[PDB]
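Anchor point for the sequence shown: position 369 equals 369 in the working numbering, and the numbering is continuous, going up by one each time. For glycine and all other residues, C-beta sits at the position ideal for the given N, C-alpha and C. So the structure is just underneath, and the comments pick up after that.
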Amino acid sequence: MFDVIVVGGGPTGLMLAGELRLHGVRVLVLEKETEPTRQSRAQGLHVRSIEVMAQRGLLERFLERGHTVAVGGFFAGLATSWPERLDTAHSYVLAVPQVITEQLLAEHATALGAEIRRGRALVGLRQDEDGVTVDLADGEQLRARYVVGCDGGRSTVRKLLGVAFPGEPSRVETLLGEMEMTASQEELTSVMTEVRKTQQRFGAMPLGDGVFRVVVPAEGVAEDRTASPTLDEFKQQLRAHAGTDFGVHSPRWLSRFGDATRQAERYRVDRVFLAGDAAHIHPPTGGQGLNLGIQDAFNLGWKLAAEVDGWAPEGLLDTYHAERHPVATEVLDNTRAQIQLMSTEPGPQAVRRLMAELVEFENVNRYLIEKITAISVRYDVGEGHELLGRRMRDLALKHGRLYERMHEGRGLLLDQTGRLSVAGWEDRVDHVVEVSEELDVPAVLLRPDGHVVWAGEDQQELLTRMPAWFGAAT
Ligand SMILES: Cc1cc2nc3c(=O)[nH]c(=O)nc-3n(C[C@H](O)[C@H](O)[C@H](O)COP(=O)(O)OP(=O)(O)OC[C@H]3O[C@@H](n4cnc5c(N)ncnc54)[C@H](O)[C@@H]3O)c2cc1C
Ligand SMILES: [Cl-]
Ligand SMILES: [Cl-]
Ligand SMILES: [Cl-]
Numbered sequence: 001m002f003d004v005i006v007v008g009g010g011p012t013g014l015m016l017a018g019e020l021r022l023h024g025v026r027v028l029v030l031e032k033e034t035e036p037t038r039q040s041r042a043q044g045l046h047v048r049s050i051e052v053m054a055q056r057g058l059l060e061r062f063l064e065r066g067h068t069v070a071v072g073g074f075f076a077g078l079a080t081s082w083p084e085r086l087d088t089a090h091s092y093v094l095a096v097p098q099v100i101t102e103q104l105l106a107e108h109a110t111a112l113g114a115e116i117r118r119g120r121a122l123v124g125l126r127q128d129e130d131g132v133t134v135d136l137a138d139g140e141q142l143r144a145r146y147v148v149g150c151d152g153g154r155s156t157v158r159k160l161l162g163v164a165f166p167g168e169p170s171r172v173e174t175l176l177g178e179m180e181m182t183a184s185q186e187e188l189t190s191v192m193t194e195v196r197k198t199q200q201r202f203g204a205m206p207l208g209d210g211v212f213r214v215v216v217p218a219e220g221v222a223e224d225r226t227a228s229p230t231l232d233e234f235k236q237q238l239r240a241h242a243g244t245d246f247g248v249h250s251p252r253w254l255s256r257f258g259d260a261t262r263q264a265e266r267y268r269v270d271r272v273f274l275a276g277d278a279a280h281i282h283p284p285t286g287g288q289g290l291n292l293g294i295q296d297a298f299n300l301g302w303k304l305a306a307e308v309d310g311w312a313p314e315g316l317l318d319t320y321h322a323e324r325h326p327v328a329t330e331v332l333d334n335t336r337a338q339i340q341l342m343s344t345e346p347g348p349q350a351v352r353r354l355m356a357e358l359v360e361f362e363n364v365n366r367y368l369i370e371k372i373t374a375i376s377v378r379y380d381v382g383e384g385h386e387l388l389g390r391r392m393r394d395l396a397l398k399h400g401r402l403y404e405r406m407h408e409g410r411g412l413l414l415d416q417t418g419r420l421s422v423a424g425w426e427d428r429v430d431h432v433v434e435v436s437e438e439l440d441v442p443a444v445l446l447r448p449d450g451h452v453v454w455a456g457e458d459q460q461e462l463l464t465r466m467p468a469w470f471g472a473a474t
């Protein structure tokens with residue numbers, strides 16, 4: 001049998017498979033699609049996702065296949081500028097296609113020793129008090145201690161548990177397409193900016209290889225929710241919302257996505273977990289579905305690997321739902337506000353003009369970017385320092401950065417004075433003694449995902465918060 005079986009070869013399951021392999025966990029990735037989909041969904045990581053890869057040393061391969069972008073207009077298309085005093089060392093946006101993002105995460109999980117069986121489709125599942133039984137379409141049963149559901153928005157695992165999926169349905173659908181056009185490239189650059197003053201969800205971005213990525217609003221709601229949109233439909237929407245069809249060339253692939261904002265009610269149902277789109281779906285327009293799914297698995301990874309090793313605290317796995325469900329609600333809630341600001345009605349247009357006056361303030365622009373990039377996410381840990389909950393930025397230490405010592409996914413203890421020590425938790429927590437100037441506190445205790453659970457200078461105060469997140473001593 002296996003220790004953990006994840007259901008989904010997407011960027012969420014691959015990120016969870018790598019986090020579990022850092023602790024020697026026999027994992028198994030079940031993916032329905034044999035060949036990975038060539039549909040370029042997302043187009044890059046945000047600041048927090050960039051920091052997540054840096055904590056594992058995966059940032060080099062991402063930066064080799066992409067390029068950094070520091071512009072304005074990521075919040076509801078409000079074309080501004082990038083903030084100045086952004087509390088993060090990776091204050092930029094890496095532009096990598098999701099196909100490359102899934103490719104690097106799959107190669108890293110395979111390099112760490114993860115069974116990725118492509119072509120296996122989960123049909124049914126059931127669980128006892130000792131493990132979970134998985135029934136595949138081919139008829140092969142698989143026993144596992146814990147199973148996590150990363151099988152996308154139409155999650156089969158979620159339906160096999162009764163976990164409700166409440167939220168608002170799809171009301172405003174949009175058309176996306178990677179293509180070229182008979183119109184000049186320089187001519188479209190001057191046309192999009194003029195129409196964007198009213199219809200904000202009309203865009204066009206180049207890919208360098210001669211093709212572009214044009215997103216055009218659609219009319220009505222499609223009843224199939226999976227039917228291939230015709231090319232004549234694409235030009236009819238381009239001529240109605242932009243005044244010119246551009247005469248498109250060869251289209252690589254077309255799609256039509258909705259704006260249904262739904263979120264799972266339970267993230268854990270006793271040995272079965274949900275992550276990524278399996279636990280929350282929201283519109284791609286103002287979306288963090290790739291950033292959220294990565295950070296969801298980045299939160300569950302070290303926690304689930306702590307249970308199979310036997311040192312996890314009592315209700316550690318219960319905190320996955322208690323910490324990643326509110327993050328999905330506020331994200332999903334922000335996506336609705338961003339589409340609302342993109343509405344063409346005279347009401348929402350007046351609110352967008354008010355927001356445009358407020359984003360001129362740097363603190364307002366910084367607050368929105370810190371919330372969108374998810375670098376301001378703060379969990380509930382307890383009472384104490386002002387750092388309790390938030391992650392720790394890449395602090396420049398005396399010898400190298402800070403994220404260069406967290407590759408093994410172990411507990412970190414930044415000790416600037418050296419008088420603090422770990423007694424009995426050496427098997428889970430390291431002891432980095434490096435003086436930093438960006439840190440105004442004597443010592444910080446970091447969870448494997450970077451979030452702070454203790455900050456101070458007392459040894460006895462350290463002895464209080466150590467077993468709360470790392471179990472008892474040896
Ligand atoms: C057009 C578009 C643009 C987007 N743009 C962005 C963006 O700019 N930024 C951003 O952050 N997010 C963006 N997103 C959202 C983000 O891409 C998704 O949320 C993300 O792909 C979901 O990650 P996941 O691995 O959890 O889901 P998936 O990638 O859907 O993973 C599910 C995988 O498991 C497989 N599977 C399904 N059911 C089963 C089963 N029963 N058994 C086995 N395997 C199964 C599926 O075939 C699939 O391969 C966009 C989404 C879309 C559609
Ligand atoms: Cl605007
Ligand atoms: Cl760097
Ligand atoms: Cl102003």
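Next item on the list: Please determine if the stretch 227-240 and the stretch 104-119 are in contact, where contact requires at least 3 C-beta pairs separated by less than 8 Å.
Entry: no
Notebook entry, point to check: What does DSSP give as the partner residues of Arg-38 in its beta bridges?
Noted result: Position 38 of the sequence shown, counting from 1, holds the residue named residue 38. Bridge partners of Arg-38: none, in fact.
Margin query: So, under 8 Å CB-CB, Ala-222 and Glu-180 are touching, yes? Tell me the CB distance rounded to an integer number of Å.
Written below: Taking the first residue of the sequence shown as position 1, residue 222 is located at position 222. Taking the first residue of the sequence shown as position 1, residue 180 is located at position 180. 25 Å between Cβ atoms; not a contact.
Checklist line | Cβ separation of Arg-405 and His-451, assumed to be a contact under 8 Å, to the nearest whole Å | finding: As a position in the sequence shown, residue 405 is number 405, starting the count at 1. As a position in the sequence shown, residue 451 is number 451, starting the count at 1. That pair is no contact at about 16 Å.
Next item on the list: Output yes or no for whether 7 Å exceeds the beta carbon distance between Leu-125 and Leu-160.
Entry: To locate residue 125, count along the sequence shown from 1; it is residue 125. To locate residue 160, count along the sequence shown from 1; it is residue 160. Yes, the Cβ-Cβ distance between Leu-125 and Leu-160 is below 7 Å.
Next item on the list: Assign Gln-460 to one of three DSSP states: helix, strand, or coil.
Entry: Start at 1 with the first residue of the sequence shown, and residue 460 comes out as number 460. If DSSP states are grouped into helix, strand and coil, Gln-460 belongs with the helices.
Check: Which same chain residues, not among the five before or five after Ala-95, have their C-beta less than 8 Å away from its C-beta?
Finding: For the purposes of this step, residue 95 is taken as the residue at position 95 of the sequence shown. Only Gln-43, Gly-44, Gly-66, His-67, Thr-68, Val-69 meet the Cβ criterion.
Notebook entry, point to check: If you run the structure through DSSP and keep just helix, strand and coil, what is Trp-425?
Noted result: On the sequence shown, position 425 is the one that residue 425 refers to. Residue state, collapsed to three classes: coil.
Note to self: Suppose contacts are defined by Cβ-Cβ distances below 7 Å. Is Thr-335 in contact with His-385 by that definition?
What the structure shows: Residue mapping note: residue 335 aligns to position 335 of the sequence shown, counting from 1. Residue mapping note: residue 385 aligns to position 385 of the sequence shown, counting from 1. Going by C-beta atoms, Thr-335 is not nearer than 7 Å to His-385.
Next item on the list: Report, in whole angstroms, the separation of the C-beta atoms of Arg-271 and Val-433, which I expect to be a contact under 8 Å.
Entry: Taking the first residue of the sequence shown as position 1, residue 271 is located at position 271. Taking the first residue of the sequence shown as position 1, residue 433 is located at position 433. Their Cβ separation, rounded to whole angstroms, is 39 Å, which puts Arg-271 and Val-433 out of contact at 8 Å.
Checklist line | Collapsed DSSP secondary structure at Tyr-367 in the structure displayed | finding: For the purposes of this step, residue 367 is taken as the residue at position 367 of the sequence shown. Looking at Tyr-367 - three-state DSSP - the assignment turns out to be helix.
Item checked: Where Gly-177 falls: helix, strand or coil (DSSP) -> As a first step, residue 177 is located in the sequence shown; it is residue number 177 there, counting from the start. In this structure, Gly-177 counts as strand in the three-state DSSP scheme.
Next item on the list: Spell out a yes or no on whether the stretch 359-377 and the stretch 299-317 are touching, meaning 3 or more CB-CB pairs, one atom from each, closer than 8 Å.
Entry: no
Check: Who are the near neighbours of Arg-120 in its chain, counting only those whose CB is closer than 6 Å to its CB and skipping five residues on each side?
Finding: In the sequence shown, the residue the question calls residue 120 occupies position 120. Correct list, in chain order: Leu-30, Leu-136.
Notebook entry, point to check: Alpha carbon to alpha carbon, what distance is there between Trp-82 and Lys-398?
Noted result: Against the sequence shown, residue 398 aligns to sequence position 398. Against the sequence shown, residue 82 aligns to sequence position 82. Taking the straight line from one Cα to the other gives about 29 Å.
Checklist line | Distance, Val-47 Cα to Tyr-403 Cα | finding: Within the sequence shown, numbered from 1, the residue matching residue 403 stands at position 403. Within the sequence shown, numbered from 1, the residue matching residue 47 stands at position 47. Taking the straight line from one Cα to the other gives about 14 Å.
Check: Between the C-alpha atoms of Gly-9 and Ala-109, what's the straight-line distance to the nearest angstrom?
Finding: Residue mapping note: residue 9 aligns to position 9 of the sequence shown, counting from 1. Residue mapping note: residue 109 aligns to position 109 of the sequence shown, counting from 1. If you take the alpha carbons of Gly-9 and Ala-109, they lie about 11 Å apart.
Check: What does a CB cutoff of less than 6 Å around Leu-59 pick up in its chain, not counting 5 residues either side in sequence?
Finding: Looking up residue 59 in the sequence shown gives position 59. Cβ neighbours of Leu-59 beyond the five flanking positions: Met-53.
Check: Should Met-15 and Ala-297 be called a contact, given that it needs their Cβ atoms to be closer than 7 Å?
Finding: For the purposes of this step, residue 15 is identified with residue 15 of the sequence shown, where counting begins at 1. For the purposes of this step, residue 297 is identified with residue 297 of the sequence shown, where counting begins at 1. Yes. Within cutoff.
Note to self: Need the endpoints of the beta strand (DSSP E) that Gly-149 sits in, please.
What the structure shows: Position 149 of the sequence shown, counted from the first residue, corresponds to residue 149. Residues 141-149.
Item checked: Beta-carbon contacts of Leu-176 that lie in its chain and below 7 Å, excluding the five residues immediately before and after -> Your numbering for residue 176 matches position 176 in the sequence shown. Counting only Cβ-Cβ distances below 7 Å, and skipping sequence neighbours, we find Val-215, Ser-255, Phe-257.
Notebook entry, point to check: For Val-377 versus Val-453, is the C-beta distance shorter than 7 Å?
Noted result: For the purposes of this step, residue 377 is taken as the residue at position 377 of the sequence shown. For the purposes of this step, residue 453 is taken as the residue at position 453 of the sequence shown. No, they are not a contact pair.
Margin query: Taking its Cβ as the centre, do 16 or more other Cβ atoms sit within 10 Å of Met-205, making it buried, or is it exposed?
Written below: In the sequence shown, counting from the first residue as 1, residue 205 sits at position 205. When all chains shown are included, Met-205 counts as exposed.
Next item on the list: Say yes only if the C-beta of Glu-360 is nearer than 6 Å to one or more non-hydrogen atoms of ligand 4, and no if none qualify.
Entry: The residue you call residue 360 lines up with position 360 of the sequence shown. The answer is yes for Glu-360.
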